[PDB]
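Enquirer: Chains as they are written, first to last, in the entry's author numbering: chain H, 821 to 878, 887 to 916; chain W, 223 to 255, 604 to 724; chain P, 197 to 261; chain E, 2026 to 2203; chain X, 166 to 208.
All C-beta atoms, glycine included, are put in the ideal place defined by N, C-alpha and C.
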Amino acid sequence: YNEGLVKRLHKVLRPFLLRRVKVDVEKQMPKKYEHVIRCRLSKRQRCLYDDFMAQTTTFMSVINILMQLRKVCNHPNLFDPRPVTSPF
Amino acid sequence: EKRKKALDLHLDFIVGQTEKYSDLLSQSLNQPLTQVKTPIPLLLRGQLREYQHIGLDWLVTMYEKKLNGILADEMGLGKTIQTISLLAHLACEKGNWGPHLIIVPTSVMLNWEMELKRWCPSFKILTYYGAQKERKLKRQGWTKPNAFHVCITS
Amino acid sequence: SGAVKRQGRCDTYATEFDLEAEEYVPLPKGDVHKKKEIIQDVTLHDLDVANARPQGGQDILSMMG
Amino acid sequence: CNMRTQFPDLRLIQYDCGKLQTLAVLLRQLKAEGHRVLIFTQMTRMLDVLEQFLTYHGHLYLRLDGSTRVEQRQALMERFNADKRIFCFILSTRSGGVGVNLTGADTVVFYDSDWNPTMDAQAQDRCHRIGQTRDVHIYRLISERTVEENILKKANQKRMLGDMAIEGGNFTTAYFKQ
Amino acid sequence: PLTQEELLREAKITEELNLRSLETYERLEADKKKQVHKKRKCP
Ligand SMILES: Nc1ncnc2c1ncn2[C@@H]1O[C@H](COP(=O)(O)OP(=O)(O)OP(O)(O)=S)[C@@H](O)[C@H]1O
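#1: When the Cβ atoms of the stretch 847 to 854 of chain H are set against those of the stretch 2150 to 2160 of chain E, are three or more pairs found closer than 8 angstroms?
#2: For W/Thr240, go through chain H and note every residue whose CB falls closer than 7 angstroms to its CB, in chain order.
#3: Counting only C-beta atoms, is W/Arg688 closer than 9 angstroms to chain X at any point?
#4: Verify the CB distance criterion: does E/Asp2150 have a CB-CB separation below 9 angstroms to chain W?
#5: Identify every residue that forms a DSSP beta bridge with W/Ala642.
#6: For W/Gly616, verify whether its CB is less than 8 angstroms away from any heavy atom of ligand 1.
#7: With distances taken Cα to Cα, identify the nearest neighbour of E/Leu2087 among E/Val2095, E/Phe2105 and E/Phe2078.
#8: Check residue 2222 of chain E in the structure and name its three-state DSSP category.
#9: Going by DSSP in three states, H/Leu825 sits in which element: helix, strand or coil?
#10: Taking 9 angstroms as the threshold (beta carbon to beta carbon), is E/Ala2100 in contact with chain X?
#11: Sorted by chain position, which residues of the same chain lie with C-beta nearer than 7 angstroms to W/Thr608's C-beta, five sequence neighbours on each side aside?
#12: Step through the CB atoms of chain W and report whether any lies within less than 9 angstroms of the CB of X/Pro208.
#13: Would H/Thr878 and H/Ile893 be called neighbours here (beta carbons separated by less than 9 angstroms)?
#14: For residue 209 of chain X, decide whether its Cβ has a neighbour in chain W, counting only Cβ atoms nearer than 9 angstroms.
#15: From the DSSP output, read off the bridge partner residues of E/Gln2031.
#16: Which one of H/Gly824, H/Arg839 and H/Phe907 has the shortest CA to CA distance from E/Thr2198?
#17: On the CB-based measure, 16 or more other CB atoms within 10 Å of its CB, does E/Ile2176 come out buried or exposed?
#18: Inspect the beta-carbon positions of P/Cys206 and P/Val228 and report whether they are closer than 9 angstroms.
#19: Let me check you understand the geometry: is the CB of W/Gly648 closer than 8 angstroms to at least one non-hydrogen atom of ligand 1?
#20: Which chain W residues are close to X/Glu180, counting only those with a beta carbon under 7 angstroms from its beta carbon?
#21: Check whether the Cβ of H/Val845 lies closer than 9 angstroms to any Cβ atom in chain W.
#22: Say the cut is 8 angstroms; is the CB of E/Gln2157 nearer than that to a heavy atom of ligand 1?
#23: Give me the chain B residues within the contact set of H/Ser914, using Cβ-Cβ distance strictly less than 8 angstroms, ordered along the chain.
#24: Looking at the secondary structure, which residues open and close the beta strand (DSSP E) in which E/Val2133 lies?
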């Protein structure tokens, strides 16, 4: 970290940029808080994620694998809903 | 080796010019009569907040210095109202009644038109919404001076 | 199989009342008509039973039998 | 009917995804304390799964996936601000524009994080704007040992870079006056 | 080529027209909003 470079950037942007944050301007504002919650994968999600990670290295690009993994992390039903079973 | 020195000296030159501009703006903004130089325009017909009035003064200062700037006020602080006050001030005092263009999102087009009508009914507002035939019909005879003051388009 | 199952009143109507005695369901998000291919695991005895004590006609005679 | 066809239990929806479990716990606790929660996700299919899960849990909700008409967006906003029964309002972050005034709510839960932290900030500001009289809480759900940790890492890196670049400088009239 | 006095004279007319238009819009919007919040039935 070279604080001089950052100060140089600030000075460069100084004559043109005007910034106002709600915290310093509007005091009469309720506070905000941010929470980060970790979750574990289910057996179905774990199997699908591991399968995709294995298929990653062998035709699908890193973007395709990335999107599939995001869908898996969202919900495994986004690939195939659990079947409704009925007699033959 | 020479690439680093050339880049450093070029950046130093740019920084020097920017510092000169910043010093000129600081000198212009520090002129005495809280001590806001730009008064409220009589055509504003509204009450601005203290920070809004400071923003208006900054906008007029940037205009007089003939410099472009970014207004990065966070969401909801009233950038639209500050801009409307700037236009009213310039038009009344500076005589800058000329046709101004305000480019906004289509969703915000109605809201901006409403704000313009609420704060400064004096301004001739032109709205560019509609199909090609309607747009051409509204454009008909727009080259005449003093035909429209503010144009809104997406 | 001609099997009709009512799953619920549509979720869009859950705000009309405060006590309706209904189980709401969201609107289906696929197509109205779907074709799904599945693999069924059966045995010969299952076929024999199905054809010896039939219950697939959904007629009165099947229930009577 | 039960002997003729068998449907998967709606409980299995939550059992197959850890996120849905934690979201159920958090939502029930939030309703117990008496709050209103806005859930933001990037995928509309996820919004469908959330509709199923919320209806199975019985939570009254509204949905705006950007496909509703503008006047219907305004109507839904006014209804949410007026009707207290609607516990949640599932939304798509990229949608809604800037005309939405959901100050009735007081909690926002991001089902997944956007790569652009400005989008998440805009979603938060959809509820945290002026004219809101309650503390606003943000909950972010992340899956361990998955891509979501990388998404959070990049989002935080972008937030830190933005803090250094714009928040580092005073960029205000106070600096010129001082 | 117009002067400040001409601009003020025109501004009076445009202000009257804009205020009338704004009043019409506000009335229509308030009525529409009230009608959306309305819900009625038959006896
Ligand atoms: N002092 C004031 N007097 C009257 N109206 C005000 C005042 N301050 C703010 N407002 C209102 O605030 C409304 C919303 O603020 P905006 O100007 O839209 O916020 P913004 O900075 O433009 O960012 P957004 O994206 O549009 S929320 C305006 O339409 C004004 O009517």
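Expert: With the given structure in hand:
#1: yes
#2: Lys831, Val832 and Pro835
#3: yes
#4: yes
#5: H/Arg839
#6: yes
#7: E/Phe2105
#8: This structure cannot settle anything about residue 2222 of chain E, because the visible part of chain E is limited to 2026 through 2203.
#9: helix
#10: yes
#11: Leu626, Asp627, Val630 and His659
#12: no
#13: no
#14: Chain X is shown from 166 up to 208; residue 209 of chain X falls before or after that span and cannot be answered.
#15: H/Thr913
#16: H/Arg839
#17: buried
#18: no
#19: yes
#20: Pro691 and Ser692
#21: yes
#22: no
#23: Given the protein chain composition of this structure (H, W, P, E and X), no chain B is represented.
#24: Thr2132 to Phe2135
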